[PDB]
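Computation of the quantities below employed the complete heavy-atom set of this structure, encompassing side-chain atoms and omitting hydrogens, waters and symmetry-equivalent molecules. The chains referred to below are lettered A, B, ... by the order of the sequence lines, with proteins before strands, and numbering in each begins at 1. First listed ligand is number 1; within each ligand, the first listed atom is number 1.
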Amino acid sequence: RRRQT
Amino acid sequence: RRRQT
Amino acid sequence: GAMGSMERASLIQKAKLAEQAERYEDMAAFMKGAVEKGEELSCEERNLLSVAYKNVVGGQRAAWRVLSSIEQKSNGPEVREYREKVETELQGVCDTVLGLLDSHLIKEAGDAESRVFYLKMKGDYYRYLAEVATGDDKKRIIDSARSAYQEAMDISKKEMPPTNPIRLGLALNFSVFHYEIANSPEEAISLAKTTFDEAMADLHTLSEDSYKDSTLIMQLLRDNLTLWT
Amino acid sequence: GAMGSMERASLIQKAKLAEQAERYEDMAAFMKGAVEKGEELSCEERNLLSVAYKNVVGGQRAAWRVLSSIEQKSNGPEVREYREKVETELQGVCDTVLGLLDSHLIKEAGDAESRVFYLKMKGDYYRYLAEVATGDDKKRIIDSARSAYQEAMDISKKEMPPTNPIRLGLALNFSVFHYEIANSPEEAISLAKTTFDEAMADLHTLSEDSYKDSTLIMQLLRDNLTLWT
Ligand SMILES: N=C(N)c1cc(-c2ccccc2)c(CNC(=O)c2ccc3cc[nH]c3c2)s1
Ligand SMILES: N=C(N)c1cc(-c2ccccc2)c(CNC(=O)c2ccc3cc[nH]c3c2)s1
Ligand SMILES: N=C(N)c1cc(-c2ccccc2)c(CNC(=O)c2ccc3cc[nH]c3c2)s1
Ligand SMILES: N=C(N)c1cc(-c2ccccc2)c(CNC(=O)c2ccc3cc[nH]c3c2)s1
Ligand SMILES: [Cl-]
Ligand SMILES: [Cl-]
Ligand SMILES: [Mg+2]
Ligand SMILES: [Mg+2]
Ligand SMILES: [Mg+2]
Ligand SMILES: [Mg+2]
């Protein structure tokens, strides 16, 4: 998964 | 549903 | 210009990069540039052209439908103004594509496969114009779509097998034209059904890979028949 | 211009229409126009500004990452050229946003809530610049992001409860800054954990609706901690 912002 | 093209 | 200084091959390469990046406006501008080099387009290149403008106009049409629905419920000038803005931009894209087909993709298409491809596109982009048309030229716009689709059908029936994916996609779209543009739902249903059945009866001639290509589009015909009946 | 002739209220109304139509470039241009009217922005209007440019730059960053990955594997000029094209367009959007913040949203923000909002944005758009930076100013770009984020953190800690959604989103993004821009993964983890725990201990003060707002962002902090540890 891609880190979230 | 929407018809398809 | 603005793509006139770039090599044809570089434009094609960048169109493929833009597709991978989901940058469809860029993709379309690159393919417009490639067409304007004046050489005929390959099958792969024709598909790149169609995919790019399909996605650009697809976003515009989806936005137009949202705004048109809001405008209908509202019936200040802002909703109409902004719907008109999107509509005008949409019409410009359709005019650009039709201009590439008329200058000079269609007249230089000396194969059934290429000519049918481009005439289908011509019918599609007149159809998108018809979706938003309301004035003195809606009927002429509709007939221009019908005429382009009909000539494509005539050629495809003579020169292409009933399972050819371009022939199937042409028939699918002409059927939707009939249903929701020409107010001819029985024509639409008849065409979808005959196209489906004649492709089914030709599947036995196909390789496994051609079979997948054809049945994919057959399923779209079946989806529409299920929705309409 | 090009939005100088349109009423402020009409620009806001059309920004909301553009959002419903998923026309984020239009949304951003409308909100740029609204900002340039020179009046301070409301909470709702600040959110419209942030959403519009978030989505515009989001698409550009996603395309840049695709092309950068292709370019890295390839190591003709076409891949670099097209990556540079997207990068340059991305940098232009970031410069535009930073220009709106500097002229004159930040200096006119005489509330903690508004000032923190805009300083967070300033850190975000310097961070997006840092993602693509490689030359003599990468370090200055990185410090400009850090400085903006840090001042926002200082104000938010003094003037906002630990569950405030803008404070939480600020901390989430500053933590990601630390992890992947500043190469400070332990700072990133420490900040995410402390922010999560201090918000958890303040949830008992909240209404059901504020509770939903805060826990939504707390889950993003937890997602990152799960990814990083
Ligand atoms: N870059 C692209 N997007 C394509 C390049 C080539 C190509 C590559 C080499 C030689 C000839 C053609 C394509 C041919 N396949 C299709 O068009 C296709 C496939 C599946 C579906 C489902 C709905 N429509 C479809 C269209 S698509
Ligand atoms: N005679 C045929 N049946 C084909 C010849 C070539 C071909 C032609 C020239 C060079 C290389 C390949 C094909 C692949 N091309 C396509 O465009 C295409 C387009 C749409 C769809 C939808 C599902 N699949 C699709 C494939 S299909
Ligand atoms: N048009 C818009 N997009 C908004 C208008 C207003 C508004 C309307 C009236 C008064 C004040 C603010 C918004 C306030 N809610 C959020 O920002 C929000 C909500 C959920 C999530 C999840 C991740 N981020 C989020 C942000 S968003
Ligand atoms: N003190 C507070 N907690 C709030 C005051 C107002 C408010 C302020 C002025 C007028 C009307 C409402 C709020 C709604 N606005 C937001 O922007 C917002 C932004 C981001 C997220 C993410 C999840 N939910 C969100 C809400 S939250
Ligand atoms: Cl408008
Ligand atoms: Cl380029
Ligand atoms: Mg040449
Ligand atoms: Mg009009
Ligand atoms: Mg006024
Ligand atoms: Mg550069």
Side-chain angles (χ1 to χ4, degrees), chain A residues 4-5, chain C residues 1-3 5-7 9-18 21 23 25-27 29-30 33-34 63-64 67 70-71 76-89, chain D residues 2-3 5-7 9-31 33-34 41-55 58 63-64 67 70-71 76-89 114 117 120-121 124 164-170 172-173 209-211 213-221 223:
Chain A
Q4 282 170 121
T5 55
Chain C
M3 299 301 176
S5 64
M6 205 185 300
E7 289 277 21
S10 299
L11 290 162
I12 299 298
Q13 182 183 356
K14 289 180 187 181
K16 297 175 183 173
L17 290 171
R23 293 269 298 193
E25 181 170 351
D26 285 353
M27 193 185 179
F30 291 139
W64 186 94
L67 301 167
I70 298 173
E71 189 183 9
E78 288 89 354
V79 174
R80 170 186 61 71
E81 287 170 352
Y82 184 48
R83 191 267 297 154
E84 285 177 351
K85 178 184 170 152
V86 175
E87 180 173 302
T88 295
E89 184 189 291
Chain D
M3 299 301 176
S5 64
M6 205 185 300
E7 289 277 21
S10 299
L11 290 162
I12 299 298
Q13 182 183 356
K14 289 180 187 181
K16 297 175 183 173
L17 290 171
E19 186 179 25
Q20 296 178 71
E22 298 182 50
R23 293 269 298 193
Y24 293 109
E25 181 170 351
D26 285 353
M27 193 185 179
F30 291 139
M31 288 312 298
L41 271 52
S42 71
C43 170
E44 175 172 16
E45 297 166 348
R46 291 197 293 277
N47 276 282
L48 289 169
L49 177 70
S50 178
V51 167
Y53 279 108
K54 167 184 195 73
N55 276 276
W64 186 94
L67 301 167
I70 298 173
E71 189 183 9
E78 288 89 354
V79 174
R80 170 186 61 71
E81 287 170 352
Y82 184 48
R83 191 267 297 154
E84 285 177 351
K85 178 184 170 152
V86 175
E87 180 173 302
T88 295
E89 184 189 291
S114 64
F117 193 104
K120 177 192 171 287
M121 288 191 69
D124 284 346
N164 178 282
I166 301 304
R167 173 169 171 182
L168 293 174
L170 163 61
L172 182 69
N173 291 10
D209 285 353
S210 299
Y211 172 97
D213 292 333
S214 298
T215 55
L216 197 74
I217 309 176
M218 288 173 67
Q219 183 65 49
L220 302 180
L221 291 162
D223 290 341

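- Within 6.0 Å of the CD atom in D:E89, the count of heavy atoms belonging to other residues, nucleotides or ligands exceeds 12.
- Using a 4.0 Å cut-off between charged side-chain N and carboxylate O, D:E44 and D:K16 make a salt bridge.
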Q: With side chain to side chain contact (heavy atoms under 4.5 Å, CB included) as the test, would you mind laying out the steps for D:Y82 and D:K85 before giving the verdict?
A: CA-CA 5 Å; D:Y82 184 48; D:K85 178 184 170 152; 3.9 Å; yes

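- With respect to C:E84 and C:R80, a salt bridge is recorded, a charged nitrogen being found less than 4.0 Å from a carboxylate O.
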**Q.** Step-by-step side chain to side chain contact (heavy atoms under 4.5 Å, CB included) determination, D:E81 to C:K14
**A.** CA-CA 9 Å; D:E81 287 170 352; C:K14 289 180 187 181; 2.8 Å; yes

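- Panel note: side chain D:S50, backbone D:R46; no donor-acceptor pair is recorded below 3.5 Å.
- A heavy-atom cutoff of 4.0 Å around ligand 3 is satisfied by the protein residues D:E19, D:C43, D:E44, D:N47, D:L48, D:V51, D:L216.
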